[PDB]
């Protein structure tokens, strides 16, 4: 039931103990903490306590991922949330792609979360249903506008894992109205992976009175590492300070 392969260089989780306000950062499907690290480091430098976990079956080998279910990915996030609760009075959650899905999921099950920052979060990806063949699909290159960036992601995607994601997304979509905390929803106009309309499914679905969509015009899907990174960091910091206890 445990991972059989070692953690890849660059895929290590990140923890920083600072003040009583904490931020949980969640990476995406087939990705690793690498996707979120620049944000995590910026938030720690600003005085936040920070938790950037490595999702089970991620950052090792796609064969480990194939052996996980979405419950394992939820468990990794719950564990990180729990780490923060032991240290913080105020907790924010942010995440990219499926990390954004998991951000929404955690807020749907924990009303104490003080605010969320989903980034190109996924609750409906029609491409999965369309395709739903081989045991592993060749991964397409990382969707970044800046070609110089090196993202860390599995070279193959187990198709069985796509079914797990679809289940997680379906459950998350169904429960959106449980979210009442403030929300800052980032979306890349030119996301070629997660259809940008997901931003509006989320905006309309949640019950929050304080919510907004910020469109990113200079990034593709992996916006946390792309040209609009500085803006994501700056606006996220403003959001944390505004809503912190």
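Positions refer to the first chain, counted from 1. Each form is matched to the other, and the largest set of C-alpha atoms that superpose within 1.5 Å is called the rigid core.
Each structure in 5 other deposited structures of this protein is fitted to the shown form on the rigid core, and of 112 to 120 and 135 to 143 the C-alphas lie farther away on average for 135 to 143.
In a rigid core superposition of the other structures in 5 other deposited structures of this protein, 69 to 77 and 144 to 152 differ in how far their CA atoms stray, and the farther one is 144 to 152. Missing coordinates between residue 132 and residue 133 amount to 4 to 9 residues of the deposited sequence. Stretches 149 to 157 and 116 to 124 differ in mean C-alpha B factor, with the higher average recorded for 149 to 157. Judged by mean Cα B factor in the deposited record, 5 to 13 ranks above the other of 5 to 13 and 18 to 26. The residue among 200, 189, 177, 210 whose C-alpha atom has the highest B-factor in the PDB entry is 189. Ranking 108, 78, 72, 138 by Cα temperature factor from the entry places 138 first. Ranked by C-alpha B-factor against the other modelled residues of its chain, residue 91 falls in the middle third.
Annotation for residue 37: CA B-factor lies in the lowest third of the chain's modelled residues. Ranked by Cα temperature factor within the chain, residue 54 sits in the lowest third according to the deposited record. Sort the modelled residues of the chain by CA B factor and residue 142 lands in the highest third.
Annotation for residue 169: C-alpha temperature factor in the middle third relative to the rest of the modelled chain, per the entry.
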